[PDB]
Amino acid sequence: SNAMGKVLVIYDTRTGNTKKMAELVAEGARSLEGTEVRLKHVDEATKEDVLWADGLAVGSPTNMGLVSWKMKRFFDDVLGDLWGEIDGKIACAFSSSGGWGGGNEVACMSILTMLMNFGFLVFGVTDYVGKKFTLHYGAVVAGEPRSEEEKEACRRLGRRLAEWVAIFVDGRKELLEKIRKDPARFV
């Protein structure tokens, strides 16, 4: 009788790397039973997708340390009319850069700041998905997600997104403690 959790994975990309991340995020979210997922490229996406979403993952290549101009334009110009009337959606960020130390966490930060501006509740993930591999401000990779931990970081983002949607909008209050006390979250 409750609805499924509604998750939007929306991404820009230059080479496809962020698309490969986006697919893994989306798979991450679908893995939580009773979560529904829409996966869109920015040129495909509509203001109605966002209205539909309980939770959003927004991905961009790291372009000069920041969200891409096409993702920025979508928020500024397409979502601009919705601004002020869509507060309290849940959102996170992800990004692929040319290199480690190349600004993928900073690009994530700029996605998050854009999302916060719309009054969304934003988050990153504490989970260690590899011994030295995490996603505190969003899922980040240099190039394509190739390694097991890189693929898993992407999945974990969508997973946690779907879980926060499930806890806070669907009201599965019981999942909070399950997650907090789960030893698998730390490799």
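The first residue of the shown sequence is 1; numbering continues from there.
Q: Report the third (lowest, middle or highest) to which the CA temperature factor of residue 46 belongs, ranking only the modelled residues of the same chain.
A: Its C-alpha B-factor belongs to the highest third of this chain's values.
Q: In terms of the chain's CA B-factor thirds, is residue 134 lowest, middle or highest?
A: As the PDB entry reports it, the C-alpha B-factor of residue 134 lands in the lowest third of its chain.
Q: Among the modelled residues of its chain, does the C-alpha B-factor of residue 35 lie in the lowest, middle or highest third?
A: Its C-alpha B-factor, which the entry lists for residue 35, ranks in the middle third among residues of this chain.
Q: Against its chain's modelled residues, does residue 64's Cα B factor rank lowest, middle or highest third?
A: Answer is highest: the recorded C-alpha B-factor places it there.
Q: Going by the recorded CA B-factors, say which third of the chain residue 76 sits in, lowest, middle or highest.
A: For residue 76, the deposited C-alpha B-factor lands in the highest third.
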